[PDB]
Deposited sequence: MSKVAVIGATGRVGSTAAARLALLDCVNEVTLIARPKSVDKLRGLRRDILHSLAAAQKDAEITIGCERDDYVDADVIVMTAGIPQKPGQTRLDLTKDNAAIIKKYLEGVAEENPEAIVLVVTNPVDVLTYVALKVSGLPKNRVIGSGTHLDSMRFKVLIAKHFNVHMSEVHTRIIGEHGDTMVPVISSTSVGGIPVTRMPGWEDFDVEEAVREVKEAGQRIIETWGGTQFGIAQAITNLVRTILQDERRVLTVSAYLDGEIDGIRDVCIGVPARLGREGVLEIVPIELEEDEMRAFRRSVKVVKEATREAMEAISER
């Protein structure tokens, strides 16, 4: 498999490329940047190759700054952007416009924030099928919520299944109705009352801003999440993950929006959107999140 990383000079692009070459299913990683940063990509290329030697893993690292260098990749990772919607939306247009004409079987993974809005932009400008364009969305938010619950019940992480749907932002929605420990609904689990869901969600929603103001931004957490998504797709693992995808009325008839939703992912991208049944309160928060994401998408498309 060949994976291109656009924005490899950045904090997220460099880290994600380094850990992506360690995957056995990734035979080639192509580093893409603007023409004025190709020299920087040469240094990163040797750095990554040195790390592969240390790990006794193999991968071909290439560099490019043109459309022909990454359009034929199996998976294209979009990590380039300013760390709002207006500026990053143009960058998506520059790189992904018309990709379907050349490689109609491409899969695009969008990391640039706003991830939900820019997934819609990428799908529209690219012309690819709706199942082949996705974004990281709330995947990492769901994973960290999973750890918090597991520690509360003092169980192995694999025992906890949970999810955060909606926008990768303040309008995210934890789905308690579909949270389980060992298959047991968490509501019926002893000790659930002592778990402060509201406090835990606040940790999830605010950790992004705290990391930015102190460290500068997320590099390792997001890069590992991208590794999870790419490995799942390229190995056709068919896991139900929470990614930003185009809704076409599978959940409450809500359609024409890209937002974090449960999706069974494989080599063909989004095989299907799981039609989860939400409770009253969860549905109300989900609808509020969808309305917020749709208005932002309106602004982005106008800027394009």
What are the C-alpha gaps when you align the coordinates back onto the deposited sequence? 1, 85 to 93, 315 to 317
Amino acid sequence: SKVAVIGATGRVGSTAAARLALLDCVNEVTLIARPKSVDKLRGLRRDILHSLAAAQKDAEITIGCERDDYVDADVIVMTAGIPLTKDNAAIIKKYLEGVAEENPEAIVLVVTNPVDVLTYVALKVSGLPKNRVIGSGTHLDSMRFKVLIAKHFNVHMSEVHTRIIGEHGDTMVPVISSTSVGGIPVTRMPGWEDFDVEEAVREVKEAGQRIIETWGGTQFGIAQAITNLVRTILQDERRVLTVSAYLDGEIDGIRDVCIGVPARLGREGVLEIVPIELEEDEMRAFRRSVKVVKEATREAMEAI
From here on, numbers count along this sequence of modelled residues.
On mean C-alpha B-factor from the PDB entry, just flag whether 46 to 54 or 254 to 262 is the higher one. 254 to 262
According to the deposited model, is the average Cα temperature factor higher in 152 to 160 or in 183 to 191? 183 to 191
Hey, out of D74, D196, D141, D116, whose CA B-factor is highest in the deposited coordinates? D196
Please work out which residue in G221, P83, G127, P174 has the highest C-alpha B-factor recorded for this crystal structure. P83
Would you check the entry's CA temperature factor for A8 and let me know if it's in the chain's lowest, middle or highest third? middle
By the entry's values, the third containing the CA B factor of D39 is the highest
In terms of its chain's C-alpha B-factors, the third that includes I212 is the highest
Lowest, middle or highest third of the chain for the C-alpha temperature factor of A89? highest
Going by the entry, which third of its chain does the Cα temperature factor of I134 land in? middle
